[PDB]
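Read through the structure below, which is laid out as structure tokens, and then see the notes.
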Amino acid sequence: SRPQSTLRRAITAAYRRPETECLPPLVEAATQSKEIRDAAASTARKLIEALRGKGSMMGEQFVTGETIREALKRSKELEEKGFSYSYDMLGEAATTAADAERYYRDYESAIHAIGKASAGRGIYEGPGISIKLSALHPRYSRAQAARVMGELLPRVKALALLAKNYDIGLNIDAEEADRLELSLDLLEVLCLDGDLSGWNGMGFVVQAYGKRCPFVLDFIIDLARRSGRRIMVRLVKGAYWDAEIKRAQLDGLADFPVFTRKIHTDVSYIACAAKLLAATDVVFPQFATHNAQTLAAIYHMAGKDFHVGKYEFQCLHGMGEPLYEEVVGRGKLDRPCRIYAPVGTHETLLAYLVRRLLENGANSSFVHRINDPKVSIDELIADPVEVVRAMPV
Amino acid sequence: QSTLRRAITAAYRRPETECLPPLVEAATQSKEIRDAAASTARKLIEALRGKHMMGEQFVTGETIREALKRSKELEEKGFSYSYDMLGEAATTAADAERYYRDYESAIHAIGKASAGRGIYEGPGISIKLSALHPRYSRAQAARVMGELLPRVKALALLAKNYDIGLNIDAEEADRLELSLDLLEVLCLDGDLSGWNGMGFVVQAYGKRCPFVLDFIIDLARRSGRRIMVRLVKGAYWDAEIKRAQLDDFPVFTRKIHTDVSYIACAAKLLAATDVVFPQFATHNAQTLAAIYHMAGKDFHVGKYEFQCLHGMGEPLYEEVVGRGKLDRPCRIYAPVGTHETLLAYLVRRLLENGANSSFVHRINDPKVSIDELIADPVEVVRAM
Ligand SMILES: Cc1cc2nc3c(=O)[nH]c(=O)nc-3n(C[C@H](O)[C@H](O)[C@H](O)COP(=O)(O)OP(=O)(O)OC[C@H]3O[C@@H](n4cnc5c(N)ncnc54)[C@H](O)[C@@H]3O)c2cc1C
Ligand SMILES: Cc1cc2nc3c(=O)[nH]c(=O)nc-3n(C[C@H](O)[C@H](O)[C@H](O)COP(=O)(O)OP(=O)(O)OC[C@H]3O[C@@H](n4cnc5c(N)ncnc54)[C@H](O)[C@@H]3O)c2cc1C
Ligand SMILES: O=C(O)[C@@H]1CCCO1
Ligand SMILES: O=C(O)[C@@H]1CCCO1
């Protein structure tokens, strides 16, 4: 039958499976032993106690620099501490060809600058780049997949070839739900392209608030096995939740492509981490979160054996450094963290900044709850898997 | 339909190149006024530059009782308030009913706090029609307006009972006509006779703005209601641009064109203060200075007022209100509610404060000179 028919059918089938039908297998994947659960709660308490023991709306704290040069110069402090970086030249959803070409030239120039600064440190210990496919096609969300792929793939391949030249990471950011299949098809074409052989820096984001997440992960892990590439997989919860809810309503959809209860995203994330941690031979998991409880859960789930290159954590510049200062370093948790680092002017920042406001301002967000006088540390270290597992059915 | 309504619909998506020439001519001020406005603007901006994501800066209080207590300090300085129970784009009947009960409760508390001070010296309320109908942006006008009207009329009757102002906020461009039809039914309804508190917002970034204003001024003259007209630039520009691209624009696309539209519409409103109550809502000191001198030397309470958003306008208007400044009143738009209902409003404040074209961003930008800040937008548009 069609290549990867079973894996692809599973993804499409999940795209709007009832949320109640998506949950049970996730809870089974995410359940841990009492030793791990106790260890996790103990670590999360320590992290929160340190955090509460120690952000401006205008978002200056969210950009590392106006240019890649300034961004690279300002990164030496935290790299000396054991952090790494992933630089994102701000820009998305190009509306004209002129803009899409400027963004492409921005990524191209940035890869040259990051690659020189990496100075051969490789994809795990050295910096990398993150790109958005919507910046590289002037009608990314509107045009037919054939025309989009055909003009996008040459550009992304050229960028991946430069990143291979310097041996740095190149991560494809995850954006809106309706573009997941195109981006996955692009990942598969690159991972099977022989011109990129021998380079493991190709990376891909999967959003755990999506119903497709574990099946997308199944597909990617299988792709890593058949292609021979160790794919970098950034596991996130997701940055577009408000926009997806609204788009699903105006499109007349009966069922959303994303979870509607925040705890379900939490359990989905842990279930997907378990899948990724069992596959570190062929993928490099990158656990992007600012939630101390989520982090503690992954840390103890990953077991006691660790080496750089096994997995890493990630955080956004201006949000995660206080938490991960309690994580990076032999004297803390001895695990690395890559900082996603925006580069650009105030104007290019606003769309990213809106997503940060929706993140930092939501009552349900960890970063809001940690500053909330009415949220107890009891509630902050609460285990979302065990909370769900305990509800009688 | 009517000739005044037709001009509004004809203007909806009119080419921006055809909207501008009449606005420039209507916005043109005498050299004497422009020199005085330049001088007042520089004084304000110099004072402003001498001064300086939980969103706490933008909320007056979690409850109306809380917000009312915190208002007495600024009220005696010369400010008034328009309280907004946060809430918008209700998605279910339960939300719509709850927002209605919030507005109802606020009116009772604000009206009792007002204690007969009237619509110009006492506090008032602002509402959003999208809070009061479950599918406001997604249903048709006949269904929306016919279930919305009884609810808005009931609130207007409470506001009349207390003699406070009740303002309908302006939202997305495709809802203007619906809200405009509601305004007309209310202004011709005999149950509201003698109350001048009905208020309406008009967005100067919209190409229809001057024609909406003509319609409203004529409606006030023929109905005998002194409609309160809040002239704003507009809060939804990025969303209007994106919707039209995904779907010509109903809004201008150069910031300076909106600035010219505002001044032209302010000239229209200043000539009509007999029949409407203009409320010039802006944090831009150059815009404020222009309006101040356009209005002339004659002033009395109830002629017109300025307005600002809580947490944004106090540094500017502390240089305006009071007998030692410019002796003009300013009404503070005061959101009330939890941090949850705050988020949508906060996003619009972020786009406002963080845009490079915004006055409140440029006033803090060391790359922007005072000369650039007092620049007259009408004169800049003429040259280019
Ligand atoms: C380095 C880095 C890179 C990232 N890259 C991407 C990317 O390419 N694409 C992308 O989409 N996201 C990306 N994210 C994630 C996004 O930007 C947010 O940072 C992240 O979702 C916050 O989750 P958390 O574990 O920090 O915190 P939490 O406070 O634990 O979780 C918050 C998240 O819960 C989810 N959520 C909130 N309410 C509900 C609800 N009612 N129902 C279901 N789910 C809900 C949302 O995803 C929300 O962001 C990235 C994050 C980091 C740190
Ligand atoms: C008390 C009060 C009540 C308000 N009520 C409403 C309301 O009900 N509905 C509503 O929509 N707005 C409303 N506004 C206006 C909106 O919220 C902003 O506060 C206002 O638009 C900012 O204008 P300004 O004169 O302060 O600043 P400025 O910096 O002078 O002007 C900024 C404005 O220019 C416009 N603009 C920016 N870029 C462009 C561009 N490229 N092309 C064309 N135009 C552009 C936008 O409207 C932007 O807000 C209100 C404002 C106040 C103070
Ligand atoms: O752009 C965003 O908001 C997310 C976070 C980093 C990459 O994709
Ligand atoms: O809601 C908004 O953003 C504008 C400002 C005040 C009323 O409508």
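Sequence order for the protein chains is B and A. Those letters in the first sequence? Residues 25 to 78, 86 to 87, 190 to 526, by the entry's author numbering. Those letters in the second sequence? Residues 28 to 79, 190 to 384, 388 to 524, by the entry's author numbering. Every residue gets a Cβ at the ideal spot worked out from N, C-alpha and C, and that includes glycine.
For a test of your reading of the model: does the CB of residue i fall under 7 angstroms from any non-hydrogen atom of ligand 4? Yes or no.
i	result
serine 263 (chain A)	yes
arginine 312 (chain A)	no
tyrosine 485 (chain A)	yes
Please find out if some non-hydrogen atom of ligand 6 comes closer than 7 angstroms to the beta-carbon of residue i.
i	result
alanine 307 (chain B)	Only ligand 1, ligand 2, ligand 3 and ligand 4 can be found as ligands here, which leaves ligand 6 out of the picture.
Return the residue from the list the options that minimises the CA-CA distance to residue i.
i	options	result
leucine 269 (chain A)	A:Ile305, A:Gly255, A:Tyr299, A:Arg61	A:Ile305
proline 469 (chain A)	A:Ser219, A:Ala38, A:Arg207, A:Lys379	A:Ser219
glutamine 277 (chain A)	A:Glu314, A:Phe420, A:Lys379	A:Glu314
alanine 296 (chain A)	A:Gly436, A:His501, A:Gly331	A:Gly331
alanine 63 (chain A)	A:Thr427, A:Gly453, A:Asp351, A:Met335	A:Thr427
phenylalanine 392 (chain B)	B:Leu409, B:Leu47, B:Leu31	B:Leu47
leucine 323 (chain A)	A:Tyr237, A:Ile378, A:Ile364, A:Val461	A:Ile364
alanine 425 (chain A)	A:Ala54, A:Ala411, A:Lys70, A:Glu212	A:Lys70
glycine 248 (chain B)	B:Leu350, B:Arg280, B:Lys507, B:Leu294	B:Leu294
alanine 310 (chain B)	B:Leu31, B:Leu223, B:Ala376	B:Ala376
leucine 513 (chain A)	A:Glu59, A:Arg61, A:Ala68, A:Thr44	A:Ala68
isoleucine 264 (chain A)	A:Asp300, A:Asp221, A:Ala250, A:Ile301	A:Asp221
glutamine 382 (chain A)	B:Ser274, B:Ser242, B:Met191	B:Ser274
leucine 223 (chain B)	B:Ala411, B:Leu482, B:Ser497, B:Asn504	B:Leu482
May I ask you to check if the CB of residue i is nearer than 7 angstroms to at least one heavy atom of ligand 1?
i	result
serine 316 (chain B)	no
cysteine 448 (chain A)	no
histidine 423 (chain B)	yes
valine 500 (chain B)	yes
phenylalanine 392 (chain B)	yes
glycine 371 (chain B)	yes
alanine 276 (chain B)	no
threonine 67 (chain B)	no
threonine 427 (chain B)	yes
Starting from the C-beta of residue i, find all residues in its chain whose C-beta is less than 6 angstroms away, skip the five residues before and the five after it, and write them out in chain order.
i	result
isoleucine 431 (chain B)	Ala406, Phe420
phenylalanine 348 (chain A)	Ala34, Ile35, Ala38
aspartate 388 (chain B)	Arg40
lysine 465 (chain A)	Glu459
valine 521 (chain B)	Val51, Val400
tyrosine 457 (chain B)	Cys448, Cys470
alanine 372 (chain A)	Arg488
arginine 32 (chain B)	none
Return the bridge partner residues of residue i from the DSSP annotation.
i	result
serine 219 (chain A)	A:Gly261, A:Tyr473
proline 418 (chain B)	B:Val366
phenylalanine 337 (chain A)	A:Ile305, A:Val366
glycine 255 (chain A)	Partner(s): none; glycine 255 (chain A) has no beta bridge.
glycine 343 (chain A)	A:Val391
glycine 464 (chain B)	The partner list for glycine 464 (chain B) (beta bridge, DSSP) is empty, contrary to what the question assumes.
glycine 198 (chain B)	B:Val476
Please go through the same chain and pick out, in chain order, the residues whose beta-carbon is closer than 7 angstroms to the beta-carbon of residue i, but skip the five residues on each side of it.
i	result
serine 316 (chain B)	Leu266, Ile305
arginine 359 (chain A)	none
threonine 228 (chain B)	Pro271
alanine 495 (chain B)	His501
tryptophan 374 (chain B)	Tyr342, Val391
Please list, in chain order, all residues of the same chain as residue i whose beta carbon is under 8 angstroms from its beta carbon, the five residues on each side excluded.
i	result
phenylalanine 439 (chain A)	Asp467, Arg468
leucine 319 (chain B)	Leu266, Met282, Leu285, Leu286, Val289, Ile305
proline 517 (chain B)	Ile396, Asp399, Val400, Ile403, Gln426
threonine 478 (chain A)	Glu199, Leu223
Can you determine whether any heavy atom of ligand 2 sits closer than 7 angstroms to the C-beta of residue i, and answer yes or no?
i	result
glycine 451 (chain A)	no
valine 400 (chain B)	no
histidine 397 (chain A)	yes
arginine 367 (chain A)	yes
Relative to ligand 3, is the shortest distance from any of its heavy atoms to the C-beta of residue i smaller than 7 angstroms?
i	result
residue 85 (chain B)	For residue 85 (chain B), nothing is modelled; it lies in the interval where chain B passes from 78 to 86 with no residues in between.
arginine 488 (chain B)	yes
Can you list, in chain order, the stretches of the beta strand (DSSP E) that have 3 or more residues and sit fully within the region 293–331 of chain A?
-> 302–305
Can you check the region 384–455 of chain B for any beta strand (DSSP E) of at least 3 residues that lies completely inside it and give the ranges in chain order?
-> 416–421, 445–449
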